[PDB]
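Values quoted throughout were computed directly from the atomic coordinates according to the rules given, and no laboratory measurement underlies them. Quick reminder, even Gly has a Cβ in these numbers, built from the backbone with ideal geometry, and neighbours come from all protein chains shown.
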Amino acid sequence: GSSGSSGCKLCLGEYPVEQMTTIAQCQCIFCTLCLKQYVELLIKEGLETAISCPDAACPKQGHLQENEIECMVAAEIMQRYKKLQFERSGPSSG
Ligand SMILES: [Zn+2]
Ligand SMILES: [Zn+2]
């Protein structure tokens, strides 16, 4: 049977499982490249830390854990997200 390529719903491009990342939240796979630009573009902003799914048509609307991002982006970048997390912590409990 045919297998190997998982395809992408972001850049509409085909890529090997080698350069892809399967989200263990919404069984959503995407090419590192995209996922990288996605989580990055978001963090870079500095308004929201939670890295939702890069898919607008996600019935599960999963999120991207920290572990994923950590690797996805580089230390220099991660930091930006790391600080963003704290900013939004215990909005009720002090
Ligand atoms: Zn892609
Ligand atoms: Zn998803």
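Using helices alone, I'd like the mean residue ellipticity at 222 nm for the chain: each DSSP H run of four-plus residues gives -39500 (n - 2.57), total over residue count, nearest 500.
Values: 3 runs with 34 residues, N = 94.
Taking each H run of at least 4 residues, the total per residue is -11000 deg cm²/dmol.
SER52's amide H: which non-local residues (gap 5+, or another chain) put their own amide H closer than 5 Å, with H modeled 1.01 Å from N in plane and none for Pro or chain starts?
Here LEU64 satisfy the definition.
Give me the angle, in degrees from 0 to 90, between the Cα long axis of helix 32-45 and the longest principal axis of the Cα atoms of the chain, rounded to the nearest 10.
20 degrees
Step through the table entries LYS36/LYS82; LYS44/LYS83; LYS9/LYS83, compare each Cα-Cα distance with 19 Å, and write down the pairs that go over it.
Pairs exceeding 19 Å: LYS9/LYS83.
Which of the trypsin sites (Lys or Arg not before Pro) across segment 14-94 are loop residues per DSSP, with 11 or fewer other Cβ within 10 Å? All intermediate terms of the calculation are to be shown ahead of the outcome.
Details: sites: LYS36, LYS44, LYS60, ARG80, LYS82, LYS83, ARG88; in loops: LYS60, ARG88.
Answer in residue order: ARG88.
Please compute the Cα-Cα pair-distance distribution of segment 44-94 with 10 Å bins starting at 0, giving whole percents from short to long.
23, 48, 27, 3
Any idea how far apart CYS71 and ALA56 come out in nm if each label point goes 7 Å out from Cα toward Cβ?
In this crude label model, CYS71 to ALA56 measures out at 2.9 nm.
From the C-alpha coordinates alone, can you work out the Kirkwood hydrodynamic radius of the chain, in Å? Walk me through the numbers on the way to the answer.
Values: mean 1/r = 0.0703 Å⁻¹.
Kirkwood hydrodynamic radius for the chain: 14.2 Å.
Hey, rough spin-label estimate for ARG80 and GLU48, points 7 angstrom out along Cα→Cβ, what's it come to in nanometres?
1.6 nm
Treating only the Cβ of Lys, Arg, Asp and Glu as charged (+1, +1, -1, -1), what charge dipole size does the chain show about its Cα centre? Round to the nearest 20 debye.
On the way: 8 positive and 11 negative charges, 35 e Å.
Dipole about the Cα centre, nearest 20: 160 debye.
May I ask for the longest run of the chain untouched by GluC sites (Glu not before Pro) that are loop-located per DSSP and have at most 14 neighbouring C-beta atoms (other than their own) within 10 Å?
Details: sites that count: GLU14, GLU48.
Excluding the exposed sites themselves, the longest stretch runs over 49-94.
Using +1 at the Cβ of each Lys and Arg and -1 at the Cβ of each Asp and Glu in the chain, identify which of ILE43, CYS58, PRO91 lies farthest towards the dipole's positive end.
Of the options given, the answer is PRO91.
Angle check, please: helix 75-87 long axis (alpha carbons) against the longest principal axis of the chain (alpha carbons), in degrees 0 to 90, nearest 10.
Value to nearest ten degrees: 50.
Just need the relative contact order of the chain here, percent rounded to a whole number, with Cα pairs under 8 Å and 6+ apart.
Details: 98 pairs, mean separation 21.0, N = 94.
Here the relative contact order equals 22 percent.
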